[PDB]
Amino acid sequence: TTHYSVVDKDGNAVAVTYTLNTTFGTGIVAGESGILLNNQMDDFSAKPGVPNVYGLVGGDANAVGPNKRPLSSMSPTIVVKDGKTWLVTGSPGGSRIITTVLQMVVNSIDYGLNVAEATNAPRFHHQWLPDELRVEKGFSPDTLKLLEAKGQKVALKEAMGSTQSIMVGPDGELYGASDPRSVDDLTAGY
């Protein structure tokens, strides 16, 4: 999965998140078309109560069905401030997309972090099942001990997501940030 954001000189904005699902999808190219094929069918609940590749679970609502669109967690998002487009973001990460975008919004609104600060800040996540508070490196050992004391099952794991965001000043100035978690990414303008 991958996400990208765009804002033009007129103030129009677009946030796109698209995917093949897993990296390279099935790895199957369709004949001589050169096009790789997705393995999006795994996003369906294969059997009630049985988790998929991302640990997500479902029932009848997300059950496999003809012509049905499998449930996705992709969240291209746009936040408005004082009536104007202010934050354009999104990210890959399957189940973690929700919490990653959530943190971008909270970091921006509640903590007053500039878009780059919000982007480079460490991330944590909890998706009910499994029952663990997943965290990246970057949080204070002291802080982490409190969480476990509170009853959280802290689990230090792999970096989460790849936000590609743009914050728009009321005067039209554009501020962007590419996730450090993705080598070779880039935010550029003119």
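Start at 1 and count along the sequence shown; that's the residue number.
**Study point:** 29 to 37 set against 50 to 58, stretch whose average Cα temperature factor tops the other in the entry
**Key:** On average, C-alpha B-factors are higher across 50 to 58.
Review point. Which is higher in the entry, the mean Cα B factor of 38 to 46 or that of 138 to 146?
Key: For C-alpha atoms only, the mean B-factor is higher in 138 to 146.
Review point. Lowest, middle or highest third: where is residue 152 by Cα B-factor in its chain?
Key: Top third by C-alpha B-factor.
Exercise for review: Quick one: classify residue 176 as lowest, middle or highest third of the chain based on its Cα B-factor.
Suggested key: Bottom third by C-alpha B-factor.
Check your understanding: residue 162: which third of its chain by C-alpha temperature factor?
Key -> Ranked within chain, residue 162 CA B lands in the middle tercile.
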